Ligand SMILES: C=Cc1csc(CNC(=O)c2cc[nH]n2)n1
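First, one chain by itself in structure tokens, the form solved without this ligand.
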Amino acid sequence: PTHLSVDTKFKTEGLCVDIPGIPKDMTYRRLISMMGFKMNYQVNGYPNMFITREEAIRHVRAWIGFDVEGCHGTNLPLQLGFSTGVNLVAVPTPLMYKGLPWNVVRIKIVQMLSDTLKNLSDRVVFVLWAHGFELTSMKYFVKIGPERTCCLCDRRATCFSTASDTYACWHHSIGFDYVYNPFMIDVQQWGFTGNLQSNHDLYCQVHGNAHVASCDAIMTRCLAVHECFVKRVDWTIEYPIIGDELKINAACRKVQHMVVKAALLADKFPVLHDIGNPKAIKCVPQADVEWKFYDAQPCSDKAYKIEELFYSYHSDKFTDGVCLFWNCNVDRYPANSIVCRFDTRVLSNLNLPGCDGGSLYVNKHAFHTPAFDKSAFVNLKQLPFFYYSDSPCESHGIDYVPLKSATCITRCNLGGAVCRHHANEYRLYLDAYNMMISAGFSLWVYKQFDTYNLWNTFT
């Protein structure tokens, strides 16, 4: 069972206000037919427009909440809302657009999905809290058929053009008018009691309800993210490489080693309490320090309370030496800390909008991260950029312009002139650091941290 059987039952109770008289006994096969689409017994990679929760989780980057609200059923205008915040009014003749016929509305739908999704996914998953009008409006902007490739590249087709009779992916679809072979999922099939607003507001206070279709579309995708990534966590699902994943992760390991090594050299802590990932390894294996590990999986709901991590009776004395919290999200860090905290507000192709201010960070695996909170860092300060190295000054084996920097902490810079090797190493470390920061990671340290204490390690 890889795909969702068209003969699976679909509960129609949520559809009966917009569709009175709808049969209680309904399959996906019959629903797709009621929506005006013919599947023709096609074994060509598109077995059903609807997908399983497991297939939806694997394709979370394609999620687009979609809701349709009647403004006044072929006679009345419809308000089409998307989790991008867009509201389009389609006439059958927070961005609110005036009423227009379907022939122009569909062009706008293709442009919007193509721009939102081209750098995220190879498809679209319409995330619904289905009541009827959204399912019956699909025939006005969606075409289905066999799986196809783009006319201009090797990617799968996501759009169709009636003007040219061709197919395109999200990257080559300018001027295309139809969404081709989209996927969709109805959250209301997961067994909920009560309406969308009541279930969404149980877990989220960041998204409100003005009463427009995009507010519902946003709430729908948020509730789906809460169910699939907050209350249920799956770190075994792998996600494709769409950007700088490898470089960011490599940069994070470089910055961690640099920052921890320098903290140990500058303040000579006898003990380090490493709180976080139970699979963590010593980031400074040669350091003299007593390294003690404490297990805490990435929190996906609320940040950990420091009282629960440290108290209830371990070294017991977390106040001795230094605490290292590398992506271990806590409510209030102790003063003796070295911290890497992902800033959920960051705009990138890796970071998707999440639940209750949190974000869904997708890099190899999916990690719902609780909302960034500046008050967690009141006992610390922002860690300044610096490069430290005790390695010999020797080139071995790309061109050169002399480096002058007060933040290149090396024997050669103490001696008045940065050597070529430390200049190359400094520029590469500065690049890794900038990549990490721009990806969304923030670095914080104990107030007494001073890089001036690193110069005396060259005696």
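We number the residues from 1 along the sequence you see.
Heads up, the form deposited with this ligand bound isn't pictured, but that's what we're talking about next.
Asker: Open or blocked: this ligand, posed as in the bound PDB entry, superposed onto this form via site C-alphas, with 3 or more ligand atoms within 2.4 Å of backbone or C-beta counting as blocked?
Answerer: After the site C-alphas are aligned, the pocket of the shown chain is blocked to the transferred ligand.
Asker: Does any heavy atom of residue 224 come within 4.5 Å of a heavy atom of this ligand in the bound PDB entry?
Answerer: Contact with this ligand, no.
Asker: Taking heavy atoms only, is residue 89 within 4.5 angstroms of this ligand in the bound PDB entry?
Answerer: Taking the distances in the bound PDB entry, the answer for residue 89 is yes, it comes within 4.5 Å of this ligand.
Asker: Report yes if any heavy atom of residue 151 sits within 4.5 Å of a heavy atom of this ligand in the bound PDB entry; otherwise report no.
Answerer: Residue 151: no, not in contact with this ligand in the bound PDB entry.
Asker: With a cut-off of 4.5 Å between heavy atoms, is residue 159 one of the residues that contacts this ligand in the bound PDB entry?
Answerer: Heavy-atom contact with this ligand at 4.5 Å: absent for residue 159.
Asker: Which residue, 168, 124, 109, 213, has a heavy atom that falls within 4.5 Å of this ligand in the bound PDB entry?
Answerer: By the 4.5 Å heavy-atom cutoff, the listed residue in contact is 213.
Asker: Tell me, which of 79, 114, 389, 188 has a heavy atom within 4.5 angstroms of this ligand in the bound PDB entry?
Answerer: Among 79, 114, 389, 188, a heavy atom within 4.5 Å of this ligand in the bound PDB entry occurs only for 79.
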